[PDB]
Amino acid sequence: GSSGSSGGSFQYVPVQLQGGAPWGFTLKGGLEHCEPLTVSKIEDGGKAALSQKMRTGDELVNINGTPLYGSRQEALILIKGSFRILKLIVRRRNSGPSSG
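Looking at the method field of the entry, one finds solution NMR.

Let's talk about the overall build of the chain
Secondary structure assignment for the chain yields two helices and six strands. Overall, the chain shows an N-to-C arrangement of helices and strands of β-β-β-α-β-β-α-β. Across its three principal directions, the C-alpha atoms of the chain cover 55 × 30 × 20 Å. In the chain, which comprises 100 residues, the proportion classed as buried is 29%. Residue pairs in contact within the chain that sit at least 24 positions apart in sequence constitute 61% of those at least 6 positions apart. In the chain, which carries 12 positive and 7 negative side-chain charges, the distance between the mean positions of the two groups comes to 8 Å.

What about the pairing of strand β2 (residues 27-30)?
By the bridge criterion, three bridges tie β2 to strand β3 (residues 35-39) in an arrangement that is antiparallel. Bridge assignment links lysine 28 to a residue of β3, and that residue is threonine 38. As consecutive antiparallel partners, β2 and β3 are separated by four residues, and within that stretch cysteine 34 has a phi angle of approximately 60°, a positive value.

Focus: unusual backbone geometry
In the segment running from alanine 21 into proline 22, the intervening peptide bond is cis, with an omega of 0°. Relative to the helices and strands, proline 22 resides in the loop between β1 (11-16) and β2. With phi around 55°, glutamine 52 is a residue other than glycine that occupies positive phi space. The backbone phi angle of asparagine 64 is positive, close to 55°, even though this residue is not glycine. As for its placement among the helices and strands, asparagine 64 is situated in the loop between β4 (59-63) and β5 (66-67).

Considerations on the nonpolar core
If you look at the biggest cluster of nonpolar residues, it comprises 19 residues, and the most contacted ones within it are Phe25, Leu27, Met54, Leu60, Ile63 and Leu88. Contributions of two or more residues to this core are made by β1, β3, β4, α2 (73-80) and β6 (87-92). Discounting residues that sit within four places of it in the chain, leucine 27 has contacts with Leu37, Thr38, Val39, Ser40, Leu60, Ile63, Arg72, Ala75 and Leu76.

What counts, and where the lines are drawn
- Residues numbered from 1 in each chain as written, not as in the entry; some residues may be left out.
- Heavy atoms only, no water.
- Helix = DSSP H or I, 4+ residues; strand = E, 2+ residues; numbered from the N terminus.
- Buried < 20%, exposed > 50% of the residue type's maximum accessible area, 1.4 Å probe, protein only.
- Contact = heavy atoms within 4.5 Å.
- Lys, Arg positive; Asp, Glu negative; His and termini not counted.
- Charge placed at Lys NZ, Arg CZ, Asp CG, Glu CD.
- Pairing = 2+ DSSP bridges.
- Core = buried A, V, L, I, M, F, W, Y, C linked by side-chain atoms within 4.5 Å.

In structure tokens:
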């Protein structure tokens, strides 16, 4: 007998945009500064916000279907040349009501 319980759950919210940039969403941190690349700012009124799928605090690891490796540049850059539709997958480590 020894303490050992598993409790690592995560939810991927695929934010599918439509209309074309600008979207109205940015990021901060990244492997560069050893920070979890997560939404830093999202224009309230653009596309990103209108989607109501993501919000400042989510972790984006997939942009336009491109799996990032934590980096930032490649990320923000992948957007600069977005298309009529944007595909992103943010993971939120839901917690609170769960004991452990």
